[PDB]
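Just the one chain here, the form deposited in one PDB entry, laid out as structure tokens.
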């Protein structure tokens, strides 16, 4: 069963791979295959209009119709950067679904700037997946604005620390009706299993896969842990686990 549907596009894979830093077509093919992924992410730097790999750049390598193509605003240090990136993605590439990011000084999401940016892009009809620090009011505001799903920070980007406040994430997931994706600081498979045991619908990983000694093994490990965590969650664990 899909855990998210946007238009005709169905999200099934429980692992999302941040590929926007990749430059190698065969590596992107392999990591996405090993993760069992069904989403392809493309970014754009608004200041020079350089893009990351397009979905079509893997036409020879992947069954493109099995991949939902979405954009991301990963160079945004401000609300204005993000909108500019978002509009380039829509107009030039025809991307309607956006992995929305607005990052503060220390590469942590700016919750206020993200909400503001999200409201402006919703007015234009873009389907959104914003990234936030786990704050209940910020999350409810984004759900009310019509965001398809939220991405909530586990720990800082590239830290591999896993899930810093599981209680806060579980609470948020319990009260928000739309799917939650756990993201940021995921280091290994156990962190993925943990996220699913909190009720997360999926996990997004990036650094874990670039910095593992064997990226494709870690990707396959994470795919498997997501299933394990999901089965664990469905099994109704003994109460003192929660």
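Positions refer to the first chain, counted from 1. Heads up, when I say rigid core I mean the largest set of C-alphas that superpose within 1.5 Å between the two forms.
Take the C-alpha B-factors listed in the entry for 117 to 125 and for 73 to 81, compute each mean, and give the stretch with the larger one.
Mean CA B-factor is higher for 73 to 81.
For the higher mean C-alpha B factor in the entry, choose 164 to 172 or 144 to 152.
Averaging CA B-factors over each stretch, the winner is 164 to 172.
Checking the record values for 208, 44, 181, 189, which has the greatest CA B factor?
So the option with the highest C-alpha B-factor is 44.
At the C-alpha atoms, which of 193, 58, 34, 202 reaches the highest B-factor in this entry?
Of the options given, 58 has the highest CA B-factor in the PDB entry.
Where does residue 7 sit by CA temperature factor within its chain: lowest, middle or highest third?
As the PDB entry reports it, the C-alpha B-factor of residue 7 lands in the middle third of its chain.
Against its chain's modelled residues, does residue 62's Cα B factor rank lowest, middle or highest third?
Answer is highest: the recorded C-alpha B-factor places it there.
C-alpha B factor of residue 24, ranked within the chain: lowest, middle or highest third?
Tercile = middle for this residue's CA B-factor.
Below, we turn to the form deposited in another entry, even though it does not appear here.
Can you tell which of 31, 176, 193, 53 moves its Cα by 2 Å or more between the shown form and the other one, with the two forms laid on the rigid core?
Residue with a C-alpha shift of 2 Å or more: 53.
Look at residue 10 and decide if its Cα position differs by 2 Å or more between the shown form and the other one after superposing on the rigid core.
Moves: no, less than 2 Å.
Cα of residue 210 displaced 2 Å or more between the shown form and the other one, core superposed?
Shift at residue 210: below 2 Å after core fit.
Would residue 22 count as moving between the shown form and the other one, using a Cα shift of 2 angstroms or more after superposing the core as the test?
The answer is yes; the displacement is at least 2 Å.
Have a look at residue 46 and residue 125: in the other entry, are their Cα atoms closer together or farther apart than in this form, given the change is 3 Å or more?
Residues separate in the other entry, at least 3 Å farther apart.
By 3 Å or more, the Cα spacing of residue 97 and residue 52 differs in the other entry; is it closer or farther than in this view?
Their C-alpha distance grows by at least 3 Å in the other entry.
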